[PDB]
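Colleague: Got a structure here, written out as structure tokens. Questions coming.
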Amino acid sequence: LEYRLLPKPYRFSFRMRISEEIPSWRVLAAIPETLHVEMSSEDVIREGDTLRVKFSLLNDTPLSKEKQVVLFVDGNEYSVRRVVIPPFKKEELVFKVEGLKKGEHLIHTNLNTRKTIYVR
Amino acid sequence: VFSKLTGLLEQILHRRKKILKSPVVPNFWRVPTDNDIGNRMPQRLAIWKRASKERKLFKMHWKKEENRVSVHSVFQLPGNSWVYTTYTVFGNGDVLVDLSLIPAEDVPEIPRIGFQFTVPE
Amino acid sequence: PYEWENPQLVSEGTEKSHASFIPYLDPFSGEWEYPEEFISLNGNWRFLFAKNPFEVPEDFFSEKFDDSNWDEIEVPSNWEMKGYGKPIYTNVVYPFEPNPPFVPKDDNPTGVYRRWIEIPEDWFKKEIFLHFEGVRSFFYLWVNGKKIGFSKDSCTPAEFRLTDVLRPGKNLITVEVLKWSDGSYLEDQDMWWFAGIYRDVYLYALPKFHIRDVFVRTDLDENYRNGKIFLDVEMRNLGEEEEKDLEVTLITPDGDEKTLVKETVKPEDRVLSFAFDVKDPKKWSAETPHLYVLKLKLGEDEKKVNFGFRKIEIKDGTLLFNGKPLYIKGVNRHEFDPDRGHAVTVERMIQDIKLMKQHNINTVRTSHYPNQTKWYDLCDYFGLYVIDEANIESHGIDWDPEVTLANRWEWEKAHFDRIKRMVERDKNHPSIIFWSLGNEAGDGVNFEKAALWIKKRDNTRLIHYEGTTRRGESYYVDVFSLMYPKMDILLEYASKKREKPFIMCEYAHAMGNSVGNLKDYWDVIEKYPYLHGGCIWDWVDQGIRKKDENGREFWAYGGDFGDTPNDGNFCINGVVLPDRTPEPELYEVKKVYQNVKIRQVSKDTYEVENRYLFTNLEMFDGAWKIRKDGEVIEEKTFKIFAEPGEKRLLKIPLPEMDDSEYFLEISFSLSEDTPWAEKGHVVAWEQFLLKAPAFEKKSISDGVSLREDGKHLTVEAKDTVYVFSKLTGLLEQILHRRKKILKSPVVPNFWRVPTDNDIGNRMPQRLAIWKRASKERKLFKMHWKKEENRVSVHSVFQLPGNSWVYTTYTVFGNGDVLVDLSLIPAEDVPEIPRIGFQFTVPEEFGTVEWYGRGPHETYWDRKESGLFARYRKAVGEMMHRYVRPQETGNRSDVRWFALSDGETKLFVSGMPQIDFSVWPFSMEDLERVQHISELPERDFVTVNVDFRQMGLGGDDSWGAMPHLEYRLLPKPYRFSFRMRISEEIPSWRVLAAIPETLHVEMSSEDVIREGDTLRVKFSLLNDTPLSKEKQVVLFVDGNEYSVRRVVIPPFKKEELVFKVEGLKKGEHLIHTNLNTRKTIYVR
Amino acid sequence: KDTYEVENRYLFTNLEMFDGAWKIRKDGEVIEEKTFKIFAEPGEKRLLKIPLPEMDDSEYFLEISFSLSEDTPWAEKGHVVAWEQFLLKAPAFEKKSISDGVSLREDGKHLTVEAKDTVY
Amino acid sequence: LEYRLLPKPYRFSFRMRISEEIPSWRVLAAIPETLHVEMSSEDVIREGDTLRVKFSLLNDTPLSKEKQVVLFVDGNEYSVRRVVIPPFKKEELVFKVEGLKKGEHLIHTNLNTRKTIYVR
Ligand SMILES: [Mg+2]
């Protein structure tokens, strides 16, 4: 198993130069490296219901990104998704949160996105 | 030199001198070993051989910046898998070459991921 | 081996495929142009017709041969339509034994054509070519006795260089034409089998050195502002030594001229490729068909091509046209005319396009072969999007991977040649947005390879083949296409991220009276992502004009030419009749395809949405109308500025309104003439109710008399006598001033004459019991009850399937009669086709008026195109002649209708509405006859008054049902209406007053033990003369606990039991919505 | 990146009353300013197309603002009533191989580290 | 909640330079950026039992790393941990896998560590 390419998203890059000498393999051209991100949900819900947290990830940069989107609730790691965004492409995700009791609850990621959610 | 009609990098001239003898093409296949023949790999993974030779160009665009130009080519493949290819050329004559591959929900395992091309002997 | 049995051999001696140059269409004048050096070969040819190839006279191709005694035939034509042989219609099965590549040698209709022609002397310093536009299905060519070669594909041209074998003065052209060939196995379309030289022929000459082919493409920038032009020119030398001058001149839509290229070129075979820039060009669309012109001249060789700047792409699954989301509002069209067959004229082609645009259609699919070059030109010029489709269909050969001709090596080069000869011929037309690989011809390597070739050749257009996408996703197409998918499928598609847009290449099968639930498709397409439209099946019924024994014309279908085997009327799938006469169902298309949407914010305030892609609403003349009880009382013009996408508000001042019923209509029409329609043509409209009416009820003080005898009850009121039968419990006769009004009794009626959709889903078998129950019935009981001002006559009737039906007639002093019907179906009966009465009046009654939807026939699932208004027609024009007679004529949502014999009026109002239809023949007549001609003469008119009739359906016509929400499921149903026989038309808003309350008793155990169950009994008596329909709600402690639906017929008690569960210790309030209350204790 | 949707949320004011301006900032300093007007009735949404320059490895940021065309009883011509900013392009980060050395001297109470003309 | 520092691990770095001129904020000194990893488990187990996958992560680099360690089973995302490794420090993790049936199974991570596991 541990030597087989199972059918999931995959990315891959390399640099090529055609020149009279051999350039330093450690040096590369600088490029931007950040994704644009938006989070969005129902700011509220009824005890028992389900919270739907939507995430848009835009990749304006010239390379394939491979990211692990982690959702935290009240500081504790609740869920994670693996994404592969190709260049000049947006990707949308939905997470489903279950079991929130009455009172306010902190929804945040590992992509600098945060939001207080009320439970009537 | 890129082709609008095949969305492939076709030719590289270096001081008016041809470096390619055939385009740079995504390549998913490998020549079956004795082990591969024994476990019917050529039958089971046939769709990846076809996807190494044929591909539809869905879309193709470019974007210039002061110091670089990006050439994107979106390609659907036998078995209905998508493959994205992005070339960035920089002022200093470097080219970055990226490939994403998004397989279709019902395709079997992949022999190989990578590019293939031919140069003079 | 014979050349006409060998699939690997596709032709011989034919020139390579190239773009169309002849005939040219001049966009500025709209006239057809030809080359100077040009000889037509249209007209009379000596013709010989044989049963097979081996019954042809020997040496028939030789000059010396004597043909003086031969028949003369006109070219172009299909020889079935001239007399020779018979036409054959088959759907899927081949008309010969299927064993590819073999065809019969005993039965294979053959046609030889001879013709002498005069070539001028000055032609031979030039190269001479003989051009067939289309032949079916195979032919050989001889010139001056010598064999030149042969060709196989029925719907792409054939071209032969002759310069060597053709002499000055008189030359002989001899053509043998076989009906069936190996080539036939890929031409198994659902259509007629014909044969013969059925498109033009002609000679032309070109210089030794000449332009062989031209490929012009266009790109647009990211803003869709500036353009580029990409020009391929291919030159061909045939013995020219001297250098020649090449000039390429652009001509704008305005008329301005620019030289792009002027250079000298040494004579050689080469392909020259140019790229030009063009600032702010005028972009081609179906709304705005702006054409440019390329003028090319090499020495004395001159050619012209029409192109338009326009870009088709997919962004994130979405289908864009010049940067805007595109919706394919499309139809499938067979090149077919009733008198000529496939040999269709330019005049008829112009008639078709204008009719399409006039009915808001924007796309045509050439089902299922390339058309005459002139079709695509006219789509360029008038403005229609085109799906061009190669001449490949092998339905009759199984699609199993081993069997299918798509996966056989020996059929490879055939598949390839048919696709390549379409692309190369049409590549320059801006109207063509999608290439289609074929139709119902399986899936395999043979289509895969040909597809990939297209995309490397032409990157500017999207590929489409349903054959592959029906088995799931397919890499080598750009568009996901299914035939007649159900809604669920569309909604499933839309539910997940998709890279490819969804298009229905065939949907809403229009066979007979059909095209149901159209709006319901488009409500889903416009709402959900990745759905971009489709093409209706189809445009024109393939009926052949024929004459019967008496000599009265009828439209002929399968098995009307002793042709066996045949698939009958399965070729009659149109929205127009063969002569282009619209079928009512076209008026629903127009309404659902319209490009303006109007929404009611408030009674006065309306929101207009502009759904065109490239047109401002400022181009259209706005009008609104108000109608009082159906007549106009106010009209006012207006203009509204709205860009593509925008919503704008429209304020309408309303008048003070009396107790009448008011309806607002808002329309848009053409400000000035266009090439396709006149000033005042309507392109969109929408209606809205402003105020419902106030209904009067009048206490009647006048009396009614009653006389019983053995076999008849007789009820006199004013000057109208009603006669009931004690023995058949039916209203038999109405005398009005001693004048008979009925020609047959008033009978309950549950049936309708089966449509093509109904036959397809076995309705006649499944629902047989309702047909029997329309003819037979037992009278169980029958009583009457007089009152001072009225008499009621009740008749209880059991029916086949064991269903009960109650009928109550109340006659009032003022000569009104109320007519009620309850129907209680039996626990194990299937769905009901129709609920309503039927009766016959004399034919004298020849003119009908009505306030409802009109003017044309509407049904439960096809009535959005019905405008509410008053209408007047003769009885003869209250039906529609369907090629196979069927259910027809229904009017929906009618307030009132009146029949008139001049003096006497038979008036019928609803309570508050009915559906009706009038015929000049019996239901039995209409079910019997299969052709329009056979519809008999009758001295009476059948009248149908109906609560409702089940939807038409037509999602397909081989199993699909009407949608659940247009089907009468077996539950209790009631229905009433008022009838009056008087010299004038009375006010439909006024009715006789009657009591309207039920008697009710509730009863239970005043107490019970915790855990037990409370049983609450309800008796409901109906003493009144009408059917009641009530919702009995049980409340406990103020909260809604349960509800029952009841239908009480007149003079009947109904008993109900409710079961209450879970009552805890203590007292509990039980009450209804019928003023019944009771405290219940729980020990 | 080049296309922006403006929404007018004034009850009784057309956006034609205001002077539009857009500015592009390279690593904080500006490099391109343009003025524009936009017709939009209360409620309306209108598109705004901004041609972008070719951009080097720097960090680019757009700013779109509306101001007063002429003086008002409560403020002077040019006063800014509304603005919004957007990231156009992230920057490319350089990493440089350092070849030069660093000395170190330990004593009882101190570690001393020398590099160029700075002691830590 | 979405503007509070809740008690979990956190890292944070910056560059400083004392010089006569202001240097380019985009240019930094290059450093190694990889972790050393080892994965280990019972090469097998009985149906019903619990597999215990151990992961060591050594940080020999001069900056604190923040990593999302993801465990895959048969190519599907099973579990994820968030770690913060300070410089010159090894961290140990244990994952518990439950509900492996009879037959061979592929355990792998997003750190280039794989292993076939058997289930008697
Ligand atoms: Mg029809």
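FYI, nothing fancy with the structure tokens labels: chains A, B, ... in order, residues from 1 per chain, ligands from 1 as they appear.
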For chain C against chain D, which residues fall within 12 Å using only C-alpha atoms, given as a PyMOL selection string?
Modeller: chain C and resi 222-223+643+645-648
Colleague: Could the residues in this selection be saved with N, CA, C and O atoms as a PDB file, in the first residue's frame?
Modeller:
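Full text of out.pdb as output:
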ATOM      1  N   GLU C 222      -9.646  40.147 -22.947  1.00  0.00           N
ATOM      2  CA  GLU C 222     -10.260  39.821 -21.631  1.00  0.00           C
ATOM      3  C   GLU C 222     -11.485  40.723 -21.383  1.00  0.00           C
ATOM      4  O   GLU C 222     -12.405  40.256 -20.685  1.00  0.00           O
ATOM      5  N   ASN C 223     -11.520  41.942 -21.941  1.00  0.00           N
ATOM      6  CA  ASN C 223     -12.639  42.914 -21.767  1.00  0.00           C
ATOM      7  C   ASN C 223     -13.701  42.713 -22.855  1.00  0.00           C
ATOM      8  O   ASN C 223     -14.753  43.375 -22.769  1.00  0.00           O
ATOM      9  N   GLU C 643     -30.726  48.075 -19.216  1.00  0.00           N
ATOM     10  CA  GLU C 643     -29.575  47.335 -19.799  1.00  0.00           C
ATOM     11  C   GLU C 643     -29.746  45.848 -19.507  1.00  0.00           C
ATOM     12  O   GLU C 643     -30.525  45.466 -18.637  1.00  0.00           O
ATOM     13  N   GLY C 645     -29.662  42.550 -17.830  1.00  0.00           N
ATOM     14  CA  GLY C 645     -29.537  42.133 -16.421  1.00  0.00           C
ATOM     15  C   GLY C 645     -30.459  42.944 -15.533  1.00  0.00           C
ATOM     16  O   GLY C 645     -31.152  42.336 -14.695  1.00  0.00           O
ATOM     17  N   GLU C 646     -30.507  44.264 -15.757  1.00  0.00           N
ATOM     18  CA  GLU C 646     -31.096  45.270 -14.829  1.00  0.00           C
ATOM     19  C   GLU C 646     -32.564  44.945 -14.534  1.00  0.00           C
ATOM     20  O   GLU C 646     -33.251  44.359 -15.405  1.00  0.00           O
ATOM     21  N   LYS C 647     -33.002  45.313 -13.330  1.00  0.00           N
ATOM     22  CA  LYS C 647     -34.425  45.348 -12.911  1.00  0.00           C
ATOM     23  C   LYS C 647     -34.834  46.822 -12.788  1.00  0.00           C
ATOM     24  O   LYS C 647     -34.024  47.607 -12.253  1.00  0.00           O
ATOM     25  N   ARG C 648     -36.012  47.195 -13.298  1.00  0.00           N
ATOM     26  CA  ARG C 648     -36.557  48.579 -13.213  1.00  0.00           C
ATOM     27  C   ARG C 648     -37.999  48.502 -12.701  1.00  0.00           C
ATOM     28  O   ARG C 648     -38.656  47.480 -12.973  1.00  0.00           O
TER      29      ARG C 648
END
Colleague: Within 7 Å of ligand 1, counting only C-alpha atoms and all ligand atoms, which protein or nucleic acid residues do you find, written as a PDB file with N, CA, C and O atoms, in the first residue's frame?
Modeller:
ATOM      1  N   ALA C 510     -42.870  16.412 -28.563  1.00  0.00           N
ATOM      2  CA  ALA C 510     -44.055  17.189 -29.026  1.00  0.00           C
ATOM      3  C   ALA C 510     -44.996  16.340 -29.890  1.00  0.00           C
ATOM      4  O   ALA C 510     -45.836  16.935 -30.580  1.00  0.00           O
ATOM      5  N   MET C 511     -44.890  15.011 -29.799  1.00  0.00           N
ATOM      6  CA  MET C 511     -45.724  14.034 -30.549  1.00  0.00           C
ATOM      7  C   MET C 511     -47.189  14.277 -30.191  1.00  0.00           C
ATOM      8  O   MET C 511     -47.505  14.315 -28.986  1.00  0.00           O
ATOM      9  N   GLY C 512     -48.028  14.465 -31.208  1.00  0.00           N
ATOM     10  CA  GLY C 512     -49.448  14.808 -31.033  1.00  0.00           C
ATOM     11  C   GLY C 512     -49.614  16.039 -30.157  1.00  0.00           C
ATOM     12  O   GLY C 512     -48.758  16.950 -30.212  1.00  0.00           O
ATOM     13  N   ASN C 513     -50.680  16.041 -29.357  1.00  0.00           N
ATOM     14  CA  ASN C 513     -51.027  17.107 -28.379  1.00  0.00           C
ATOM     15  C   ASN C 513     -50.187  16.884 -27.116  1.00  0.00           C
ATOM     16  O   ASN C 513     -50.490  15.925 -26.373  1.00  0.00           O
ATOM     17  N   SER C 514     -49.156  17.710 -26.894  1.00  0.00           N
ATOM     18  CA  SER C 514     -48.079  17.438 -25.900  1.00  0.00           C
ATOM     19  C   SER C 514     -47.395  18.726 -25.403  1.00  0.00           C
ATOM     20  O   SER C 514     -48.075  19.778 -25.329  1.00  0.00           O
ATOM     21  N   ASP C 541     -43.617  18.124 -38.142  1.00  0.00           N
ATOM     22  CA  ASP C 541     -44.231  16.794 -38.423  1.00  0.00           C
ATOM     23  C   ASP C 541     -43.800  16.337 -39.826  1.00  0.00           C
ATOM     24  O   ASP C 541     -43.994  17.124 -40.775  1.00  0.00           O
ATOM     25  N   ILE C 572     -44.223  11.836 -36.549  1.00  0.00           N
ATOM     26  CA  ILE C 572     -45.117  13.034 -36.463  1.00  0.00           C
ATOM     27  C   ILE C 572     -44.893  13.690 -35.092  1.00  0.00           C
ATOM     28  O   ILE C 572     -45.808  13.627 -34.240  1.00  0.00           O
ATOM     29  N   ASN C 573     -43.720  14.311 -34.900  1.00  0.00           N
ATOM     30  CA  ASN C 573     -43.200  14.744 -33.569  1.00  0.00           C
ATOM     31  C   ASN C 573     -43.033  16.277 -33.489  1.00  0.00           C
ATOM     32  O   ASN C 573     -42.215  16.730 -32.662  1.00  0.00           O
ATOM     33  N   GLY C 574     -43.803  17.052 -34.261  1.00  0.00           N
ATOM     34  CA  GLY C 574     -43.582  18.503 -34.451  1.00  0.00           C
ATOM     35  C   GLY C 574     -44.287  19.393 -33.434  1.00  0.00           C
ATOM     36  O   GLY C 574     -45.058  18.884 -32.605  1.00  0.00           O
ATOM     37  N   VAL C 575     -43.977  20.693 -33.489  1.00  0.00           N
ATOM     38  CA  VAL C 575     -44.753  21.816 -32.876  1.00  0.00           C
ATOM     39  C   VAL C 575     -45.465  22.608 -33.988  1.00  0.00           C
ATOM     40  O   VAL C 575     -46.317  23.455 -33.634  1.00  0.00           O
ATOM     41  N   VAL C 576     -45.119  22.380 -35.264  1.00  0.00           N
ATOM     42  CA  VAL C 576     -45.901  22.869 -36.441  1.00  0.00           C
ATOM     43  C   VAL C 576     -46.327  21.647 -37.263  1.00  0.00           C
ATOM     44  O   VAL C 576     -45.686  20.589 -37.122  1.00  0.00           O
ATOM     45  N   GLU C 583     -48.974  24.472 -34.234  1.00  0.00           N
ATOM     46  CA  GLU C 583     -49.834  23.666 -33.310  1.00  0.00           C
ATOM     47  C   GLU C 583     -49.947  24.414 -31.986  1.00  0.00           C
ATOM     48  O   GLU C 583     -48.971  25.016 -31.543  1.00  0.00           O
TER      49      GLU C 583
END
Colleague: Could you pull the residues within 8 Å of residue 111 of chain B, counting only C-alpha atoms, minus those fewer than 5 positions along the same chain, as a CSV table (one decimal) with C-alpha atoms, in the first residue's frame?
Modeller:
chain,number,residue,atom,x,y,z
A,4,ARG,CA,1.0,3.3,-4.5
A,5,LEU,CA,-0.4,6.6,-5.8
B,28,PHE,CA,1.1,9.2,-16.1
B,29,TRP,CA,2.4,5.9,-17.6
B,30,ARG,CA,5.4,3.6,-17.1
B,45,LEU,CA,-4.7,0.9,-15.3
B,48,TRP,CA,-3.8,6.2,-17.5
Colleague: Quote the C-alpha RMSD, in Å to one decimal, that results from superposing chain E on chain A by least squares across all C-alpha atoms in order.
Modeller: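 Fitting chain E to chain A over paired C-alpha atoms yields 0.1 Å.
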Colleague: Using only C-alpha atoms, which residues of chain D come within 7 Å of chain E, and what is the closest atom pair for each, with the distance in Å to one decimal? Give it as a Markdown table, sorted by chain and residue number.
Modeller:
| residue | atom | partner | partner_atom | distance |
| --- | --- | --- | --- | --- |
| D:93 | CA | E:26 | CA | 4.9 |
| D:94 | CA | E:27 | CA | 4.5 |
| D:95 | CA | E:30 | CA | 4.8 |
| D:96 | CA | E:29 | CA | 4.9 |
| D:97 | CA | E:30 | CA | 5.5 |
| D:98 | CA | E:29 | CA | 6.6 |
Colleague: Identify, on the basis of only C-alpha atoms, every residue whose closest approach to segment 66-81 of chain D does not exceed 10 Å; exclude the query and any residue fewer than 4 positions from it along the same chain; express the result as a list in words.
Modeller: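 Neighbouring residues, sequence-local ones excluded: residues 15, 16, 17, 18, 19, 20, 21, 22, 35, 36, 37 and 38 of chain D.
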Colleague: I need the chain B residues near chain D as a VMD selection string; criterion: at most 9 Å, counting only C-alpha atoms.
Modeller: chain B and resid 64 to 68
Colleague: Got time to write the residues from that selection, N, CA, C and O atoms, as a PDB file, in the first residue's frame?
Modeller:
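result.pdb was written with the following content:
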ATOM      1  N   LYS B  64       0.504  38.749 -17.794  1.00  0.00           N
ATOM      2  CA  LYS B  64       1.829  39.417 -17.708  1.00  0.00           C
ATOM      3  C   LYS B  64       1.930  40.096 -16.330  1.00  0.00           C
ATOM      4  O   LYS B  64       0.871  40.425 -15.756  1.00  0.00           O
ATOM      5  N   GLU B  65       3.146  40.212 -15.786  1.00  0.00           N
ATOM      6  CA  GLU B  65       3.537  41.225 -14.758  1.00  0.00           C
ATOM      7  C   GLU B  65       4.920  41.796 -15.130  1.00  0.00           C
ATOM      8  O   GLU B  65       5.600  41.191 -15.991  1.00  0.00           O
ATOM      9  N   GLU B  66       5.330  42.903 -14.485  1.00  0.00           N
ATOM     10  CA  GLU B  66       6.521  43.749 -14.820  1.00  0.00           C
ATOM     11  C   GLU B  66       7.705  42.822 -15.101  1.00  0.00           C
ATOM     12  O   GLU B  66       8.428  43.052 -16.095  1.00  0.00           O
ATOM     13  N   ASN B  67       7.839  41.776 -14.285  1.00  0.00           N
ATOM     14  CA  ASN B  67       9.034  40.898 -14.244  1.00  0.00           C
ATOM     15  C   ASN B  67       8.680  39.456 -14.640  1.00  0.00           C
ATOM     16  O   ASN B  67       9.609  38.621 -14.603  1.00  0.00           O
ATOM     17  N   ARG B  68       7.419  39.140 -14.980  1.00  0.00           N
ATOM     18  CA  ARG B  68       7.029  37.738 -15.329  1.00  0.00           C
ATOM     19  C   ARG B  68       5.699  37.640 -16.092  1.00  0.00           C
ATOM     20  O   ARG B  68       4.864  38.562 -16.001  1.00  0.00           O
TER      21      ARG B  68
END
Colleague: Which chain C residues are at most 6 Å from chain B (counting only C-alpha atoms), as number ranges by chain?
Modeller: C: 456, 459, 474-476
Colleague: Return as a PyMOL selection string the residues belonging to chain A that are within 6 Å of chain B, counting only C-alpha atoms.
Modeller: chain A and resi 5-7+9-17
Colleague: Write the selection just made, keeping N, CA and C atoms, as a tab-separated table (two decimals), in the first residue's frame?
Modeller:
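Output (again_5.tsv):
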chain	number	residue	atom	x	y	z
A	5	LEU	N	0.23	5.27	-5.62
A	5	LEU	CA	-0.42	6.59	-5.79
A	5	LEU	C	-1.93	6.41	-5.90
A	6	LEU	N	-2.64	6.44	-4.76
A	6	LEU	CA	-4.12	6.28	-4.72
A	6	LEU	C	-4.76	7.55	-5.29
A	7	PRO	N	-5.94	7.45	-5.95
A	7	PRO	CA	-6.52	8.59	-6.66
A	7	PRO	C	-7.08	9.70	-5.75
A	9	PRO	N	-6.25	14.34	-5.06
A	9	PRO	CA	-5.55	15.46	-5.67
A	9	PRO	C	-4.04	15.42	-5.35
A	10	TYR	N	-3.22	15.82	-6.33
A	10	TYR	CA	-1.74	15.87	-6.28
A	10	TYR	C	-1.19	17.06	-7.06
A	11	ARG	N	-0.21	17.76	-6.48
A	11	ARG	CA	0.51	18.88	-7.13
A	11	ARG	C	2.02	18.59	-7.13
A	12	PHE	N	2.76	19.39	-7.90
A	12	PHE	CA	4.16	19.11	-8.29
A	12	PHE	C	4.69	20.24	-9.18
A	13	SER	N	5.89	20.73	-8.86
A	13	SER	CA	6.56	21.85	-9.58
A	13	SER	C	8.05	21.54	-9.73
A	14	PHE	N	8.73	22.27	-10.61
A	14	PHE	CA	10.22	22.31	-10.73
A	14	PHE	C	10.65	23.52	-11.56
A	15	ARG	N	11.90	23.94	-11.38
A	15	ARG	CA	12.53	25.07	-12.13
A	15	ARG	C	13.44	24.48	-13.21
A	16	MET	N	13.41	25.09	-14.39
A	16	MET	CA	14.26	24.75	-15.55
A	16	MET	C	14.94	26.04	-16.03
A	17	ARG	N	16.23	25.96	-16.38
A	17	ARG	CA	17.01	27.06	-17.02
A	17	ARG	C	17.87	26.48	-18.15
Colleague: Hey, which of C:868, C:766, C:496, C:430 ends up closest to chain A? Count only C-alpha atoms.
Modeller: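 Looking at the shortest contact to chain A, the residue is C:496.
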Colleague: Figure out the distance between atom CA of residue 917 of chain C and atom CA of residue 898 of chain C, please, to one decimal in Å.
Modeller: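 Calculated distance between atom CA of residue 898 of chain C and atom CA of residue 917 of chain C is 11.7 Å.
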Colleague: Give the residues of chain A that lie within 9 Å of chain E; count only C-alpha atoms, and format the answer as a compact mmCIF listing (two decimals) with N, CA and C atoms, in the first residue's frame.
Modeller:
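Final file, selection_12.txt:
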# COMPACT_ATOMS: atom_id res chain seq x y z
N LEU A 1 0.87 -1.20 0.00
CA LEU A 1 0.00 0.00 0.00
C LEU A 1 0.90 1.24 0.00
N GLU A 2 1.93 1.27 0.86
CA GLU A 2 2.74 2.49 1.14
C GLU A 2 3.72 2.78 0.00
N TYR A 3 3.46 2.26 -1.20
CA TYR A 3 4.23 2.62 -2.42
C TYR A 3 3.28 2.67 -3.62
N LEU A 6 -2.64 6.44 -4.76
CA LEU A 6 -4.12 6.28 -4.72
C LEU A 6 -4.76 7.55 -5.29
N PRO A 7 -5.94 7.45 -5.95
CA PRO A 7 -6.52 8.59 -6.66
C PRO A 7 -7.08 9.70 -5.75
N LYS A 8 -6.22 10.65 -5.38
CA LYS A 8 -6.56 11.89 -4.63
C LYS A 8 -5.91 13.06 -5.36
N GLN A 68 -3.95 22.25 4.73
CA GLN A 68 -4.77 21.51 5.73
C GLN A 68 -5.65 22.48 6.52
N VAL A 70 -8.03 23.49 9.22
CA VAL A 70 -8.43 23.00 10.57
C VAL A 70 -9.49 23.93 11.15
N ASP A 74 -14.21 26.66 20.40
CA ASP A 74 -13.86 26.93 21.82
C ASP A 74 -12.44 26.38 22.06
N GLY A 75 -11.52 26.65 21.12
CA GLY A 75 -10.06 26.42 21.26
C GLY A 75 -9.62 25.01 20.93
N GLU A 77 -9.55 21.43 18.68
CA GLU A 77 -9.50 20.95 17.26
C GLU A 77 -10.71 20.07 16.94
N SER A 79 -12.28 19.57 13.55
CA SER A 79 -12.21 18.91 12.22
C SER A 79 -11.11 19.55 11.36
N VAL A 80 -10.74 18.84 10.28
CA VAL A 80 -9.67 19.21 9.31
C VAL A 80 -10.04 18.69 7.91
N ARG A 81 -9.74 19.48 6.87
CA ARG A 81 -9.87 19.07 5.45
C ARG A 81 -8.52 19.29 4.76
N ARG A 82 -8.20 18.44 3.77
CA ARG A 82 -7.02 18.58 2.88
C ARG A 82 -7.48 19.12 1.52
N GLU A 104 -22.70 31.39 23.94
CA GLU A 104 -21.82 31.91 22.85
C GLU A 104 -20.67 30.91 22.64
N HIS A 105 -20.15 30.77 21.41
CA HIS A 105 -19.10 29.77 21.00
C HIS A 105 -18.16 30.26 19.89
N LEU A 106 -16.84 30.11 20.13
CA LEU A 106 -15.74 30.68 19.30
C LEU A 106 -15.43 29.74 18.14
N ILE A 107 -15.62 30.23 16.92
CA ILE A 107 -15.27 29.48 15.69
C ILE A 107 -14.12 30.20 15.01
N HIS A 108 -13.01 29.49 14.86
CA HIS A 108 -11.76 30.02 14.26
C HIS A 108 -11.05 28.89 13.53
N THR A 113 -8.95 33.42 10.63
CA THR A 113 -10.41 33.69 10.53
C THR A 113 -11.13 33.25 11.81
N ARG A 114 -11.92 34.16 12.41
CA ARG A 114 -12.52 34.05 13.77
C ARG A 114 -14.00 34.48 13.71
N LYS A 115 -14.89 33.95 14.58
CA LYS A 115 -16.32 34.37 14.65
C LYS A 115 -17.06 33.81 15.87
N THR A 116 -17.63 34.69 16.72
CA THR A 116 -18.55 34.35 17.85
C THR A 116 -19.88 33.87 17.26
Colleague: Would you kindly report the residues of chain A within 10 Å of chain C, using only C-alpha atoms, as a ChimeraX atom specification?
Modeller: /A:89-92
Colleague: For the selection you just gave me, I'd like the residues written to a file as a short mmCIF file (atom, residue, chain, number, x, y, z; two decimals), in the first residue's frame, keeping N, CA and C atoms.
Modeller:
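Okay, out-v5.cif is ready:
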data_model
loop_
_atom_site.label_atom_id
_atom_site.label_comp_id
_atom_site.auth_asym_id
_atom_site.auth_seq_id
_atom_site.Cartn_x
_atom_site.Cartn_y
_atom_site.Cartn_z
N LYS A 89 -7.62 29.92 -9.24
CA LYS A 89 -8.82 29.13 -8.87
C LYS A 89 -9.23 29.35 -7.41
N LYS A 90 -10.55 29.47 -7.20
CA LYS A 90 -11.23 29.56 -5.88
C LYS A 90 -11.66 28.13 -5.53
N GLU A 91 -11.58 27.76 -4.25
CA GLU A 91 -12.17 26.50 -3.71
C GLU A 91 -13.08 26.83 -2.53
N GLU A 92 -14.28 26.25 -2.54
CA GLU A 92 -15.30 26.43 -1.48
C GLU A 92 -15.39 25.13 -0.66
#
